[PDB]
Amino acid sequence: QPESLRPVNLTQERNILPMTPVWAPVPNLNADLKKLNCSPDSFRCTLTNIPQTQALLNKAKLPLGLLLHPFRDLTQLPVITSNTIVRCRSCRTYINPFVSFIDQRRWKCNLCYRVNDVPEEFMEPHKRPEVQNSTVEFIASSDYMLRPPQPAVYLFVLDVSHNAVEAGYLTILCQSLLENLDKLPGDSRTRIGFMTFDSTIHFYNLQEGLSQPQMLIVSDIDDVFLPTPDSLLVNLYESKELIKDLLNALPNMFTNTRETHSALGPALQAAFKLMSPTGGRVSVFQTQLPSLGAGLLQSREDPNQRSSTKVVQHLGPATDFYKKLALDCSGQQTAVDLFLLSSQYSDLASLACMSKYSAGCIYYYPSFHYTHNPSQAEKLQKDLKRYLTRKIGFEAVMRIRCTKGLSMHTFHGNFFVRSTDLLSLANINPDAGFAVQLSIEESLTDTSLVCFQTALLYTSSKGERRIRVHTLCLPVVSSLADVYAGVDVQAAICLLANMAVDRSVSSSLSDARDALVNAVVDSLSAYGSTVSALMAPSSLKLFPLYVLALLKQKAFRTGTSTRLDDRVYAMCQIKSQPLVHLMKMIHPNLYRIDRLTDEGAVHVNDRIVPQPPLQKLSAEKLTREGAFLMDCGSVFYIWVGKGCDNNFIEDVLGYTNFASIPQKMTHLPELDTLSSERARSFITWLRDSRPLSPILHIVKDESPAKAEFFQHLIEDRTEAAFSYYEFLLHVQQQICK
């Protein structure tokens, strides 16, 4: 009885959530191969023990899929420079650690089983880097480029309507660009340009030779007097001073502007045309519903929350304008990133398409205001530092190959699909995650092992064509028991979250929610067939809990009010957040922090970091005499109990007593106390584990912002949502019927 199969009575067990982070299940391969397997932080499967047939997979109920964070920053990476990149003659799989050499001069492909000759240059060919590491990166040549590797090109398209000016994001963006101007990935060929827009479209001529920027204003984006692209997307090094002058002036160019219109559509169409020749990255900053010209959007959100209980009203795009724009951009290797900083509905569902279909990124800062909502301003500052300095890959493509019999079925993420197994990524960034559901078209009886291999081809910021490859090997099994033994619950949950997004949009929120519950009912019913109480194998003991958490997440919840743009953003996050970050949004990590200690702590970055144990998401865990920190992935909350020890309030919060604690507190004082040092050290550790900067909110029991915290205690009953106990009873009833 492997331990992953040890029975767990979920009906009775009140302690199932581990105190420490859940580890990915190690694929059950022999010792030698295990050491060679792919990092689960880069590439993992929902079922580490692969079902031998589609019939067995169907009997299991669990979804078979892959999750990847293909371009994440790595501490070490074997870089291979060879005149010949060895690949299979029949399926083009890259030679890897799991192939077999049948004569030292020939290798058999582990995906299609065809025999290939080993090139002389590749030569003890089995001790080659490609065969000793499952994650490598090749430097490719002319045979992997249709044109010379494009230089880095950056274009900023900024909303300067009165609403946008009032918001005050310009100062933040321009200051960030100035501080990081010499840190943008690229070389001497790097080009950059700027555009602003209100009722008209504004271009900025920054060509070398000018003493100051020349602003060009047009209402017709096809104006024949407009200069050539070389004067708008200029060489960063050559026009450095002109660029800095523009960056210093922008925040004070539209002060108290009379313009209220935001012609985003025309601006983006002009951007497409400008970027078409080279491709690159477009960064769009929008603060309200596009109101003029092509692509203008209506304020269609339905105020009646109950009208969206079964089918979310206006959840899908209102038009295909932005999707079409993104597809056209992808065709020219142009990615479009959206930074939405609106205080009123702006139809993110429609706008998000500009990024979704161009491999772009979506950032959302609701009710952003430099002065009145400074936490969003500081967050943008930090998010921009990462956005502007992280590595980047241009004009990229990614293909995922798999052993014969296996097939890619549905991809999840931001990209332009070009095949059953090929994705076009105008840009590939190190923070993007992807997922894909698989199917078994032909029984996997040929061998006892299957392999999955991700190949990411891109142009580096230095002009080199590179191919980063990840190879994952998994054992094939023929019994249901074994399938349940190798399930990766968090991977399954993340894949189901993506499937639920598709179902909510194409069918209804009701159907998506029902399918999520059905996954639990079906899997545990199927499990029961292999063996008064809801039983589950250890591997799935957290499955019901995670599904309940998902059902209460902003994306799919129906019990409490949810603004449309807010729900859409939650869905966007599911589609692009790597598993490690997405799981915190699905099931927040709760910690008691008024009594942090050394014991258990770890040492990192040369400091002692407390390691408090994870607490289940229920008010039952909230000692009224303590303080707790909830990590929801994108935001932090610190709940302070009415009877919380004053030592904590005084030494950590910086106040005499509970009553003196202010509301709307978003920062922890840098107090010279041991407890403040521990708390801050802990929180700094949390922040350093992810690319984005979560805003911190200190919540008092007094009931104003209390709900924001209690809505995350997903194990408790609420308005129209089951408690964990009730949910299990519900699952049981369905299975017993």
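The first residue of the sequence shown is number 1, and the count goes up from there.
Unmodelled residues of the deposited sequence between neighbouring positions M123 and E124 number 4 to 9. According to the entry, the deposited sequence places 4 to 9 unmodelled residues between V531 and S532. According to the PDB record, 370-378 carries the higher mean C-alpha B-factor of the two stretches 370-378 and 576-584. Relative to one another, 386-394 and 520-528 have unequal mean CA B-factors, and 520-528 is the one with the higher figure. Per the PDB entry, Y144 shows the highest C-alpha temperature factor of the residues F194, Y144, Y357, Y546. Across the residues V26, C45, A31, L56, the deposited record lists the maximum Cα B factor for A31. The entry lists a Cα temperature factor for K310 that places it in the middle third of the chain's modelled residues. Annotation for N49: CA B-factor lies in the lowest third of the chain's modelled residues. Ranked against the other modelled residues of its chain, the C-alpha B-factor of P229 as given in the entry falls in the highest third. When the CA B factors of the chain's modelled residues are split into thirds, the value for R503 lands in the middle one. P691 sits in the middle third of its chain by CA B factor, as recorded in the PDB entry.
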